[PDB]
Structure formats: structure tokens, C-alpha cells
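S.K.: Mind folding the following:
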Amino acid sequence: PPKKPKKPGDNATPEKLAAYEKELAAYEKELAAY
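M.R.: Residues are numbered from 1 along each chain as shown. Here you go, the structure:
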């Protein structure tokens, strides 16, 4: 099963938000594939 990325709170900078978006998209892609 694909990894679920930890939803970032206030302690997050735009780069980690973008990273989260990539990992979240990846999560959706891999979950779709599964």
C-alpha cells in the first residue's frame, strides 16, 4: 500500500506545501493504481 503523507499544519513553508502536493498527488496516483 502507498504511503499516506502527513498533512502539514502551520509549521510548514511553501516548499513543504508543494512537496505535500507532490506526495499527495503521488499518493492518489499510486492508490489509483492499487
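S.K.: which residues touch residue 3?
M.R.: 23, 27 (Cβ atoms under 8 Å, 6 or more residues apart in numbering). (Each C-beta comes from the backbone N, C-alpha and C, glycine too.)
S.K.: redo that, cut-off 7 Å
M.R.: residue 27 (Cβ atoms under 7 Å, 6 or more residues apart in numbering).
S.K.: mind checking the SS state of it?
M.R.: coil (DSSP: H, G, I helix; E, B strand; the rest coil).
S.K.: Please apply the same query to the one 5 residues further on.
M.R.: State at residue 8, reduced to three classes by three-state DSSP: coil.
S.K.: quick one: the helices in the protein?
M.R.: 14-33 (DSSP state H).
S.K.: What distance do you get for the nearest residue to residue 7 once chain neighbours are set aside to residue 32?
M.R.: The shortest distance from residue 7 to any non-neighbouring residue, by Cβ to Cβ, 6 or more residues apart in numbering, is to residue 20 (7.2 Å). Plainly put, residue 20 is 18 Å away from residue 32 if you go by Cβ to Cβ, to the nearest Å.
S.K.: same thing with residue 17?
M.R.: Distance, residue 17 to residue 32, by Cβ to Cβ: 22 Å.
S.K.: ok, those two, which is more surrounded?
M.R.: Using other Cβ atoms under 10 Å, the more surrounded residue of residue 17 and residue 32 is residue 17, with 11 against 8.
S.K.: The residue nearest to residue 7: neighbour count?
M.R.: Residues contacting residue 20 under the criterion other Cβ under 10 Å number 16.
S.K.: my read: it touches residue 6, true?
M.R.: No - assessed by Cβ atoms under 7 Å, residue 20 is found out of contact with residue 6, at 8.2 Å.
S.K.: overlap in contacts of the two?
M.R.: Joint contacts of residue 20 and residue 6 (Cβ under 7 Å, 6+ apart) do not exist.
S.K.: Check whether residue 5 really touches residue 24, as I assumed.
M.R.: Yes - under the contact definition of Cβ under 7 Å, residue 5 touches residue 24, with a separation of 5.7 Å.
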